[PDB]
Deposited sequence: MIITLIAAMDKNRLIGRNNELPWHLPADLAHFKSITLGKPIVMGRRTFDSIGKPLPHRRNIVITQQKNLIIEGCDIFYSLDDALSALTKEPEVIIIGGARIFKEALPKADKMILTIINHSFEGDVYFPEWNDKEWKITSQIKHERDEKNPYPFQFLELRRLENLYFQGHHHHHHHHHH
């Protein structure tokens, strides 16, 4: 199983604000869709609420500590470790966020797919700092930009 983090972030690593995104970038969302189509996507409960519904044509997996919580359309796990353990036989697992999930996933991450937006927005949640010496750029396309890093 390859563990991949996919995130859209600005130059300060901002990813969220008041549990929404600080932008709307249609080019990013269609990038996110093709990349995640047909694969297990792992998200936190707050990120699920932000989206508002299961993303179609994907196995939506939500991590919560709420034991009575049921979300229609999605699989619930009570830790990232229970999720990853249940997806052992999968060839790729895609972690979509948010800030808390990214931070816990990062040290297990094999690959990162990052949209870095050239701007500075106001917000309150961030993508965790990664040691640039531990990763290598496998692809860079400057449109914002798409950056693929492999560990």
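- The deposited chain is incompletely modelled, with C-alpha atoms absent over 144 to 152, 161 to 178.
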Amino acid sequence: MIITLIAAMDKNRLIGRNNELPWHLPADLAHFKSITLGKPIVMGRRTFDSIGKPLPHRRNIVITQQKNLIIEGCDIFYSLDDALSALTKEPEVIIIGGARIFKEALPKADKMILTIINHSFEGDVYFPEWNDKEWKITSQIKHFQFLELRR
From here on, numbers count along this sequence of modelled residues.
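- Stretch comparison (131 to 139 versus 11 to 19) by mean CA B-factor in the PDB entry places 131 to 139 on top.
- Once the C-alpha B-factors are averaged per stretch, 120 to 128 and 88 to 96 rank with 120 to 128 first.
- Remark: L147 belongs to the highest third of its chain, ranked by C-alpha B-factor as recorded.
- When all modelled residues of the chain are sorted by CA temperature factor, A27 is found within the highest third.
- In the PDB entry, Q65 places in the middle third of its chain by CA B-factor.
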